[PDB]
Amino acid sequence: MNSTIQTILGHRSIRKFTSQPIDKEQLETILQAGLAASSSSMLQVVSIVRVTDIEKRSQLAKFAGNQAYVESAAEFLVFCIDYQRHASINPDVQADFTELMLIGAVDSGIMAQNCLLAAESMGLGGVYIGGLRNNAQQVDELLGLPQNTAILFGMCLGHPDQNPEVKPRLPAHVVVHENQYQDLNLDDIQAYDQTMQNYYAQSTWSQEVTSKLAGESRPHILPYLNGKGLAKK
Amino acid sequence: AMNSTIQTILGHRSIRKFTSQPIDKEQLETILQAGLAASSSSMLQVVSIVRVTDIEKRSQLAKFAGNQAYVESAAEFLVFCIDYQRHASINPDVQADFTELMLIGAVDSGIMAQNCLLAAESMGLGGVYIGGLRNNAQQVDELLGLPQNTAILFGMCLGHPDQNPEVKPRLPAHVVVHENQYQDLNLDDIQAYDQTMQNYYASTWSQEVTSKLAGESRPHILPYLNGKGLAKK
Ligand SMILES: Cc1cc2nc3c(=O)[nH]c(=O)nc-3n(C[C@H](O)[C@H](O)[C@H](O)COP(=O)(O)O)c2cc1C
Ligand SMILES: Cc1cc2nc3c(=O)[nH]c(=O)nc-3n(C[C@H](O)[C@H](O)[C@H](O)COP(=O)(O)O)c2cc1C
Ligand SMILES: [Cl-]
Ligand SMILES: [Cl-]
């Protein structure tokens with residue numbers, strides 16, 4: 001074994017926190033972990049907004065779809081794509097290529113996952129909040145983001161006050177392909193649907209996820225990004 | 001606040017030179033298991049991994065990544081992909097062409113990849129992300145036989161390290177982390193960091209990153225994604 005692996009494998013989203021704050025030294029370490037993430041071309045295109053102002057916390061909770069743990073978490077971090085630093089160094093920077101939004105999205109996930117694992121390694125718990133993107137522009141303006149930047153997701157951190165079971169995922173032989181993409185075996189989806197309702201014990205996982213994707217998935221996001229100068233071509 | 005997870009995170013270096021020693025089957029199983037334990041937006045599970053063991057494809061991928069020889073010499077090479085094809089194979093009604101979903105695919109891929117890499121690093125392995133595959137995304141896509149609704153994002157080399165670089169410094173936290181609202185860049189923080197990086201090595205950092213972003217960044221990538229059915233609106 002080792003403690004990093006058991007930390008990774010014991011992951012659960014935590015959505016209920018005690019009122020205990022996170023020590024100043026733990027938070028410094030969590031952010032230090034984030035900053036040690038790999039970075040495409042060393043561009044360093046991620047910014048983090050730490051929200052301590054409780055009026056802003058309450059507004060973010062509402063913008064995220066009334067997720068109360070946005071308010072009650074000890075800390076709330078907002079991960080943002082940031083090409084404003086670069087444009088402030090050299091205004092010829094071309095930040096509107098879709099490639100650069102891919103980079104900002106991937107690098108944000110890498111950094112955020114270092115932050116979360118570092119926190120979980122210390123007995124803390126957390127959850128990602130993609131719900132900020134429901135009202136992306138309102139969140140953007142609330143945190144004062146300039147052009148060439150955009151919100152991607154938030155992250156709640158705190159001392160956990162709940163003990164969920166680990167949720168199973170699709171098996172590695174479904175998700176991992178050897179040398180070339182393998183067509184899906186629908187029997188593996190049926191076996192996994194069974195695993196999920198065992199976990200949850202009417203819609204099965206397969207019906208829920210494809211029900212969600214049959215509709216429109218935040219169709220305001222490309223205009224939002226375009227409005228900040230991003231993903232225009 | 002210091003355990004071996006934190007120690008692994010902060011001790012991270014990109015490794016680009018590997019010994020010939022293979023990775024044990026048990027270790028690779030654990031690395032992939034660690035990736036599968038990552039958070040997933042809405043439990044969509046939008047990520048696939050192609051593990052490339054065929055040496056001719058390894059050679060081709062090395063070329064397509066920009067002649068990066070460690071693609072070929074790494075013990076294992078993993079290609080991370082956005083995957084909405086599992087969902088469309090479940091229900092052809094799924095709408096996978098929203099930009100929102102490429103965004104989810106990219107973030108979730110970085111989260112999963114970083115679980116894999118940290119797991120590897122915790123075992124004394126090393127590795128490096130290979131975004132260079134996107135230089136030739138379409139040819140890489142055809143080589144791995146990806147269907148519609150999937151797209152490569154980046155690769156990942158893993159192996160037993162045969163170099164030990166020093167840990168490379170990042171922008172300071174007080175530049176990257178903002179309290180409550182976005183903060184303007186102080187160009188003297190860039191000047192300081194430019195000197196910190198010049199020491200690390202011997203164009204400054206800021207000249208190199210901006211002059212790179214002054215050009216076009218992989219302008220073929222939006223057509224690449226659109227040709228796979230993604231990011232069209
Ligand atoms: C990018 C991203 C955004 C997320 N956004 C939310 C959110 O807005 N609200 C929420 O409750 N959970 C959110 N989650 C948490 C997922 O629902 C959770 O990871 C998933 O259900 C699997 O559960 P687990 O993390 O406990 O293993 C998000 C996860 C990711 C990766
Ligand atoms: C998304 C992504 C793609 C990357 N692609 C490459 C690559 O193609 N070639 C390479 O040598 N390094 C690649 N890297 C590694 C970066 O060059 C590296 O993280 C940074 O320059 C080096 O800092 P480090 O030693 O702290 O990781 C990539 C990193 C990320 C996050
Ligand atoms: Cl957690
Ligand atoms: Cl890259």
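Note that we place each Cβ from the backbone using ideal geometry, even for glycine, and neighbour counts take in every protein chain shown. Read the figures in this text as sums done on the coordinates, not as results from a lab.
Could you check how many percent of all C-alpha pairs in chain B are farther apart than 22 Å?
The share of Cα pairs beyond 22 Å in chain B comes to 61 percent.
Just the ratio, please: alpha-carbon radius of gyration of region A:44-174 over 2.2 N^0.38 Å, N its number of residues.
Compactness ratio reported: 1.14.
What does the helix-only formula give at 222 nm for chain B: each DSSP H stretch with n ≥ 4 adding -39500 (n - 2.57), the total divided by the residues, and the result rounded to the nearest 500 deg cm²/dmol?
-13000 deg cm²/dmol
Quick one: B:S203, B:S40, A:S13, fewest Cβ neighbours within 10 Å first, how do they rank?
B:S203, A:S13, B:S40
Please average, across the residues of A:23-31, the number of beta carbons from any other chain that are within 10 Å of each residue's own beta carbon, and give a whole number.
2
Find out how many positive minus negative residues lie around A:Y199, taking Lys and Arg as positive, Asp and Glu as negative, among other residues whose Cβ is under 10 Å from that of A:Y199.
Net local charge, A:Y199 excluded: 0.
With a point put 7 Å past each Cα toward its Cβ, work out how far A:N90 is from B:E166 in nm, to one decimal.
A separation of 2.5 nm, rounded to one decimal place.
Modelling each spin label as a point 7 Å along the Cα-to-Cβ direction, I'd like the B:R51/B:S211 distance in nm, to one decimal.
Each label point lies 7 Å from its Cα, and together they span 4.3 nm.
Other chains' Cβ within 10 Å of A:10-20 residues: what's the mean?
Counting Cβ atoms of other protein chains within 10 Å of each residue's Cβ and averaging gives 1.
Would you mind ranking A:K233, B:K25, B:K57, A:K228 by Cβ crowding within 10 Å, fewest neighbours first?
Ranked by crowding around the Cβ, least crowded first: B:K25, A:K233, B:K57, A:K228.
Say the cut-off is 27 Å between C-alpha atoms; which of A:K233/B:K17; A:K232/B:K228; A:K56/B:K168; A:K24/B:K168 go over it?
A:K233/B:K17; A:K56/B:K168
Compute the Cα gyration tensor for region B:139-204, then decide on rounded, prolate or oblate, letting a ≥ b ≥ c be the square roots of its eigenvalues: rounded whenever a/c is under 1.5, prolate when a/b is larger than b/c in the other cases, and oblate in all that remain.
oblate
Across peptide B:177-188, how many C-beta atoms of other chains are within 10 Å of each residue C-beta, on average? Don't skip to the end; give the middle numbers.
Working: counts 10, 11, 5, 12, 8, 12, 3, 4, 8, 1, 2, 0.
Across the residues of B:177-188, the mean count of other-chain Cβ atoms within 10 Å is 6.
So for the protein assembly as shown, what are the equivalent ellipsoid semi-axes in whole Å, largest first, each being the square root of 5 times an eigenvalue of the Cα gyration tensor?
One finds semi-axes of 29, 27, 24 Å for the protein assembly as shown.
Amide H to amide H, which residues 5 or more places from B:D83 or on other chains are under 5 Å from it, using H placed in the peptide plane?
B:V47, B:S48
Apply the Karplus parameterisation 6.51 cos²θ - 1.76 cosθ + 1.60, with θ equal to phi minus 60°, to every residue of region B:186-197 and state each ³J(HN,Hα) to the nearest whole Hz, in sequence, with x for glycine and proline.
Couplings: 8, 4, 6, 5, 5, 4, 4, 5, 4, 6, 4, 7 Hz.
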